[PDB]
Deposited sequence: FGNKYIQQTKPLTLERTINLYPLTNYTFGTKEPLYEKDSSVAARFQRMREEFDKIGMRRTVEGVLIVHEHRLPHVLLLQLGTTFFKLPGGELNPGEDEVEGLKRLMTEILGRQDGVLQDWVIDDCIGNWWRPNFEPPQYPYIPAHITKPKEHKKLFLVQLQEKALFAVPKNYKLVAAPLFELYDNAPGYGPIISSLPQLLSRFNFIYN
């Protein structure tokens, strides 16, 4: 002995490096329109109620795809209305694996591809059949109506996306989302905070 051990790379929990690529490295093609399953707010919560009694808590997963321009991180979002933006993702089927399910949904929505999903970035819970969502399970709330899990999806150097005709694929800079719950909601507007721990490499 008397030898010294070469140090191991820092734990990924301590320092998580993510490679980002130029916005111009990505392109999109069109595909048939994808319509929302729920016509209105009323029908949305009505279906949420009906399904809760059959399969229980709704399990939603959403993917956060990051790119950059001028070394500034941008999150890819789907624009469906003047001020209506959403992350690619959706509802899991009963008993379906969270990551496998997100991969299925990513493909259904943006598939032209082997999605790399190795990071959980957050969780949000809906206690009642109402709009309110929280980043924790509220006190005495033993039966949340919905659980949304966010994952960071690592993109390859270049990629081609297929986007439903009624959707517009945009890249939103973090400064556009930060403290902008009125424009993007509580989840998307807190993405800057959720992504701050990452050590991004601007390729």
Missing stretches, numbered from 1 on the deposited chain sequence and kept in order
113 to 117
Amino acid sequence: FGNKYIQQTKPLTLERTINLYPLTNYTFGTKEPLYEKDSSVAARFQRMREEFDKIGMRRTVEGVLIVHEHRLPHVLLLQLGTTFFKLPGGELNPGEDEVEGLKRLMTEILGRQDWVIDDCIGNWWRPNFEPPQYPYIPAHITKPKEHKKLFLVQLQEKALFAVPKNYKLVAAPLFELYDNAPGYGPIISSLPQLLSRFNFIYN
From here on, numbers count along this sequence of modelled residues.
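Here the rigid core means the biggest group of C-alpha atoms that line up within 1.5 Å when the two forms are laid on top of each other.
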Between 77 to 85 and 120 to 128, the one drifting more in C-alpha RMS in 9 other deposited structures of this protein once the core is aligned is 77 to 85
Quick one: higher average CA temperature factor, 171 to 179 or 52 to 60?
52 to 60
Averaging the C-alpha temperature factors as deposited, the higher value of 151 to 159 versus 31 to 39 falls on 31 to 39
Of the residues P127, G89, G81, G122, the one whose Cα carries the largest B-factor in the deposited record is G81
Third of the chain, ranked by Cα B-factor, where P164 sits:
middle
Rank-wise, by C-alpha B-factor, drop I187 into the lowest, middle or highest third of its chain.
lowest
Would you please rank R112 by its C-alpha temperature factor against the other modelled residues of its chain and give the third it falls in: lowest, middle or highest?
highest
According to the PDB entry, is the CA B factor of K103 in the bottom, middle or top third of its chain, that is, lowest, middle or highest?
middle
Name the third of the chain's ranked CA B-factors that contains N199, choosing lowest, middle or highest.
middle
